[PDB]
Amino acid sequence: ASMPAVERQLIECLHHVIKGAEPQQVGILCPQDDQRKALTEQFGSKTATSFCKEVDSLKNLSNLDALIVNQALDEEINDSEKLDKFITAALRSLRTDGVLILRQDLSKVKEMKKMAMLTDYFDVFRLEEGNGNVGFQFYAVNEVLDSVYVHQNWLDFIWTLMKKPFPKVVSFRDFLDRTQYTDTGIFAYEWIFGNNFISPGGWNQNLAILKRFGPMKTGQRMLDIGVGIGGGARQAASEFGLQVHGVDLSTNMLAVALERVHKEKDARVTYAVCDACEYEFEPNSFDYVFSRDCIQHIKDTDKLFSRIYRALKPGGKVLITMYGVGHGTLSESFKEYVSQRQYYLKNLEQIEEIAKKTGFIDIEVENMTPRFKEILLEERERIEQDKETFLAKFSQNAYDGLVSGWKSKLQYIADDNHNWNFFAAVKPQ
Ligand SMILES: Nc1ncnc2c1ncn2[C@@H]1O[C@H](CSCC[C@H](N)C(=O)O)[C@@H](O)[C@H]1O
Ligand SMILES: CNCCOP(=O)(O)O
């Protein structure tokens, strides 16, 4: 039971990709006439619009700059052969670089990983076109906000995808989902770190970090970059009354965050799947940007920092904790760990240099490695002590990997290879 706010959000999603352009040809697949007309009225005279009410009518659409598909796939999401026909027809109808905005409510789909599985399905599909393939490049998955605020529904999704040419090479997103942040990896991490957290020290430590923002007020807006399974965002909202928007590139991670907020219900918290280095955030809109033990994953720190600066309100504050590299002689074992994780580590000097260049003022940096060491020791006595309860849930292979990993990090700290760094700063004015 949606409202016109939904169609406006669908068009905003389109403009994340096409920016100031008005699309010349738009197709709309939407079986409900009122929603379809609401979408049509969003466009002006520079746009020609074609609409249909069933997917087989997509055969009549071509050369589209954008295809908006709204609540049309109830059958397809339960039937791969029908879904394949749709993806095929969608790809044929779009120009190369054309944008698909797909809205589908998954709240009546009991399977909680459905959003993630659909995203992977779209990302993998290939169609022969000419002497190569075409397929969809991933941009984002957003929640329909009307559904959160009016219907307590966090599982109403909008995919933003773009048609691209492909050869006949694993993505960053797929690397995260297939290696470090598999479902079993995620839940094994949560077990050691603490409920809802994938970061050192769990709830108590995250609260201590949040306090280093200084005074925060109810209703202020926070962007959480690399929100994981949501514990930090949920805590910022529940403890300080912040409105928190969390983003993560991993669908495995966000599937958990989304399942949990949909069940528990807190309208202060919303989530999006996207790459925080690419995604179009509203400029000058956030009071705070928080990133907890995420950015060691991100190579282009300069780009990230400029994007953070852009998204902050003047006077707003950024606070980040991250794995970093120390000043000791690097061991081959640490280097293999770094290479296998694909971490792009920096030291505090480097972070401060980048923050100054970006234009941040009031820069604070801290080497929190001694606290990191305490946390690793406490965490390890816990896995070692609760071995029997762990083995009831996960494999022996998973268990030994946690024990050996924590042992290893302790030695990496000892050589001053592995550091745990803090950075905060403010946008001028
Ligand atoms: N470029 C990027 N954009 C968005 N998220 C990213 C990212 N690079 C890494 N990540 C995410 O950063 C997360 C790090 S795990 C820590 C999660 C959470 N902040 C916590 O405190 O519990 C991972 O889920 C990973 O997917
Ligand atoms: C977010 N940090 C998660 C743990 O990563 P690891 O310490 O296993 O390299």
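Structure determination for this PDB entry was carried out by X-ray crystallography, with a resolution of 1.72 Å recorded in the header.

## A closer look at the overall build of the chain
Broken down by element type, the chain carries 16 helices and 14 strands. Computed over its C-alpha atoms, the radius of gyration of the chain comes to 23 Å, within 12% of the 22 Å expected for a compact globule of 429 residues. Oriented by its inertia axes, the alpha-carbon framework of the chain measures out at about 65 × 55 × 45 Å. Of all 429 residues assigned to the chain, the portion counted as buried reaches 54%. Within the structure as shown, the chain displays about 19300 Å² of accessible surface, and the carbon and sulfur contribution to it stands at 47%. Side chains of the chain carry 52 positive and 61 negative charges; the gap between the two charge centres is 2 Å.

## What to know about the site of ligand 2
The immediate surroundings of ligand 2 are formed by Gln 180, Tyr 181, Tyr 189, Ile 198, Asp 293, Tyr 323, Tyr 337, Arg 341, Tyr 343 and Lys 409. One of the side-chain N or O atoms of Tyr 323 is found 2.6 Å from an oxygen atom in ligand 2. Here ligand 2 loses 97% of its free accessible area of 300 Å² to cover by the protein chains. The residue makeup of the shell around ligand 2, split by class, is 6 nonpolar, 1 polar and 3 charged.

## Observations regarding the site of ligand 1
Around ligand 1, the surrounding shell holds 21 residues, and the nearest of these are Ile 198, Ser 199, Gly 226, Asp 248 and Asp 275. In the model, a nitrogen atom of ligand 1 is placed 2.8 Å from a nitrogen or oxygen of the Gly 226 main chain. Side-chain polar atom of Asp 248 to an oxygen atom of ligand 1: 2.6 Å apart, as the coordinates give it. For ligand 1, whose unbound accessible area comes to 570 Å², protein coverage reaches 99%.

## Let's talk about a nonpolar patch on the surface
Nonpolar side chains collect at one region of the surface, where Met 3, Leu 145, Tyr 149 and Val 150 lie side by side and expose about 350 Å² of accessible area between them. Here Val 150 shows up in helix α5 (residues 145–151).

## Focus on the packing of helix α11 (residues 301–311) against helix α13 (residues 348–358)
Put simply, α11 and α13 touch, their axes get as near as 9 Å, and they point 45° apart. Relative to α13, α11 is oriented oblique. Taken as a pair, α11 and α13 cross one another with a handedness that is right-handed. Where α11 approaches α13, its residues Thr 301, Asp 302, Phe 305, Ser 306 and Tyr 309 are matched on the opposing element by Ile 351, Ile 354, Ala 355 and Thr 358.

## Re the packing of aromatic side chains
In this structure the tally under the stated criterion is 24 aromatic pairs. When the centroid spacing of 5.5 Å and the interplanar angle of 50° are considered together, the rings of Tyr 323 and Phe 372 count as tilted. Of this pair, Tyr 323 sits in strand β12 (residues 312–325) while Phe 372 sits in helix α14 (residues 369–385); the two residues are 49 residues apart in sequence, bridging distant segments of the chain. When sorted by exposure, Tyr 323 lands in the same class as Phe 372, which is buried.

## Some details on α11
Side chains three or four residues apart in an α-helix point the same way, a direct result of the helix having 3.6 residues per turn. Among all positions in α11, only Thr 301, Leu 304, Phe 305, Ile 308 and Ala 311 are buried. The buried side chains of α11 occupy one side of the element, clustering within an arc of 125° when seen end-on. Looking at the buried side of α11, the elements it contacts are β8 (221–225), β11 (286–292), β12, α13 and β14 (418–426).

## A closer look at the side chain of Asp 248
Assignment of secondary structure puts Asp 248 in strand β9 (residues 243–248). No salt bridge is formed by the buried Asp 248, whose closest oppositely charged neighbour, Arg 173, lies at an N-O distance of 9.7 Å. In this structure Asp 248 touches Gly 226, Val 227, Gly 228, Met 253, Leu 254, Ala 272, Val 273 and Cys 274, once residues within four positions along its chain are discounted.

## Remarks on the pairing of strand β3 (residues 64–70)
Side chains on a regular strand alternate between the two faces of the sheet. Burial of β3 is extensive: 7 of the 7 residues sit out of reach of the surface. Sheet analysis places strand β1 (residues 25–29) next to β3, joined by 4 bridges and oriented parallel. Note that in β3 the partner of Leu 29 across the bridge is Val 69. With respect to chirality, the unit in which β3 leads through helix α3 (residues 80–93) into the neighbouring parallel strand β4 (residues 94–105) is right-handed.

## A word on the side chain of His 297
Relative to the elements of secondary structure, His 297 occurs in the loop between β11 and α11. Residues contacting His 297, with those up to four places away along its chain left out, are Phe 172, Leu 176, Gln 180, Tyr 181, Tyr 343 and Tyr 344.

## A few points about the nonpolar core
Formed by 92 residues in total, the largest nonpolar core has its most connected members in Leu 58, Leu 67, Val 69, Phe 86, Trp 159, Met 222 and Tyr 271. In this view, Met 222 contacts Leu 210, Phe 213, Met 216, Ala 236, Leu 242, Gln 243, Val 244, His 245, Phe 286, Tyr 288 and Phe 290; residues no more than four positions away in its chain are not counted. Counting 30 residues, the second-largest nonpolar core is a separate cluster that includes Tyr 139, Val 247, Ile 298 and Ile 308.

## What to know about the environment of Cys 294
Positionally, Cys 294 belongs in the loop between β11 and α11. Residue class for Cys 294 comes out buried when judged on its relative accessible area of 11%. Sequence-wise, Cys 294 and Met 322 are 28 residues apart; in three dimensions their C-alpha atoms are separated by 6.3 Å. With near-sequence residues (within four places) excluded, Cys 294 lies in contact with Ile 225, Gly 226 and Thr 321.

The rules behind each value
- Residues numbered from 1 in each chain as written, not as in the entry; some residues may be left out.
- Chains lettered and ligands numbered in written order.
- Heavy atoms only, no water.
- Helix = DSSP H or I, 4+ residues; strand = E, 2+ residues; numbered from the N terminus.
- Rg over C-alpha atoms; globule rule 2.2 N^0.38 Å.
- Buried < 20%, exposed > 50% of the residue type's maximum accessible area, 1.4 Å probe, protein only.
- Areas by Shrake-Rupley, 256 points an atom, 1.4 Å probe, with all protein chains shown as cover.
- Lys, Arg positive; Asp, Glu negative; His and termini not counted.
- Charge placed at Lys NZ, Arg CZ, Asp CG, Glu CD.
- Near = heavy atom within 4 Å.
- Polar contact = N/O pair within 3.5 Å; in protein donor to acceptor, adjacent residues only side chain to side chain.
- Nonpolar A, V, L, I, M, F, W, Y, C, P; charged D, E, K, R; others polar.
- Patch = residues over 30% accessible without salt bridge, like charges linked within 9 Å, V, L, I, M, F, W, Y side chains within 5 Å.
- Salt bridge = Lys/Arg side-chain N within 4 Å of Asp/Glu carboxyl O.
- Axes fitted to C-alpha atoms, helices over the stretch in contact; angles between N-to-C directions.
- Parallel < 35°, antiparallel > 145°, perpendicular 65-115°, else oblique.
- Left-handed = near helix turned anticlockwise from the far one by under 90°.
- Contact = heavy atoms within 4.5 Å.
- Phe/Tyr/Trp six-rings, centres within 6.5 Å; stacked < 30°, edge-to-face > 60°.
- Arc of directions from axis to C-beta.
- Pairing = 2+ DSSP bridges.
- Right-handed = clockwise from strand over helix to strand, strands pointing away.
- Core = buried A, V, L, I, M, F, W, Y, C linked by side-chain atoms within 4.5 Å.

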